[PDB]
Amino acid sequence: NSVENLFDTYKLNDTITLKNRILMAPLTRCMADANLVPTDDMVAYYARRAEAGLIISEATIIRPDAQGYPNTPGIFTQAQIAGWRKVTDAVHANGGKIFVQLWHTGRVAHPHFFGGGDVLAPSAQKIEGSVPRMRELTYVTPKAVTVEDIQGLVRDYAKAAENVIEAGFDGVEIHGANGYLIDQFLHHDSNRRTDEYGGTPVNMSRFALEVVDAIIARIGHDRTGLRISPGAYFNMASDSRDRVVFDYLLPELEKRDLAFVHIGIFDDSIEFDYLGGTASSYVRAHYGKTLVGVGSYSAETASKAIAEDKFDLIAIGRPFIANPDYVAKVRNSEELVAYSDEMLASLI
């Protein structure tokens, strides 16, 4: 067998060409310093994965009330910008490329992290449970954002994108997936609004598109990607009506000629009734531009999928934690170590 196609050069667009089809998926590590500034250990961590065609950074918060987990880096202070610049300089020095993933957690934020302020979301719909690996941080009922809150959020996504330029990233992946703020507007469980941001596919898509457009206005379409989750099941109850939101959203996104759309799922072998099959096949059926697949792929199954025109680029997550040298090992058909959650305790 052979995975030669994973090492094809891939021209994303006129601004960026990737040296291979392999992305490092965004992976939250919770290892930033207490001021949410990237550490020199994080610099080394990313630098040693620069053989990836493109690194997507761990989710990076746009402002304080976006924080939902400990020590997740931000990109809203000068110190954070300076810390990220060390990361991107090191990646670039190693011949790599890197996008930051811009995050707001919405109803999954927790006030413990930002001085007891309001948790924000499309609607006052609380999720079950408490923050993982933390003592007694029970999720709270969010405040339904006002249109003025929304305008500020769009502004702050845009400002974060401006900061990304100063931090030396090649671009931004907007975190529109996995039950976080943008995804909360796209799903009925979390979005029960009756104004121009709720109800209809056009309205539910409005926030996502405003953020995409605001960020494009800062860094350009060639440097802007978006991660999406048409499905549910990560802090999100399913709803049979969610699919038509994405039916509308995807062609609208295609108008923006993004660097890529990226699916956010853990196992793309799962078929979802509401999507008529796998997440990637649903998106591929409704979106005709560069698509990043992900979720329990091996190099072999990803190569096959790309050969079969199922998607164009492969993001690799857990195996990139277990194998910093993932790309070289795949290139040389060497044995890969299996991932285990225990590995998260170490930043290597």
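One rule holds for the numbers: they count along the sequence shown, beginning at 1. Whichever C-alpha set is largest while still superposing within 1.5 Å between the two forms counts as the rigid core.
> Relative to the presented form, and with the rigid core used for superposition, do the C-alpha atoms of 132-140 or of 201-209 deviate more in 6 other deposited structures of this protein?
Per-stretch check in 6 other deposited structures of this protein: the more divergent one is 132-140.
> Name the higher of the two by mean Cα B-factor in the PDB entry, 61-69 versus 296-304.
For C-alpha atoms only, the mean B-factor is higher in 296-304.
> Of 12-20 and 329-337, which one has the bigger average CA B-factor?
Per the deposited B-factors, the answer is 329-337.
> In terms of recorded Cα temperature factor, pick the maximum from 102, 158, 98, 134.
So the option with the highest C-alpha B-factor is 134.
> Looking at the C-alpha B-factor values in the deposited entry, which of 274, 139, 246, 207 comes out highest?
Going by the entry's C-alpha B-factors, 274 comes out highest.
> Residue 29's Cα B-factor: lowest, middle or highest third of the chain?
Bottom third by C-alpha B-factor.
> Of the three thirds of its chain by CA temperature factor, lowest, middle or highest, which one includes residue 113?
It falls in the middle third of the chain.
> Is the Cα B-factor recorded for residue 319 in the lowest, middle or highest third of its chain?
For residue 319, whose C-alpha B-factor we compare with every modelled residue in the chain, the answer is the lowest third.
> Can you tell me whether residue 163 has a C-alpha B-factor in the lowest, middle or highest third compared with the other modelled residues of the same chain?
Its C-alpha B-factor belongs to the middle third of this chain's values.
> Taking the entry's C-alpha B-factors for this chain, is residue 36 in the lowest, middle or highest third?
For residue 36, the deposited C-alpha B-factor lands in the lowest third.
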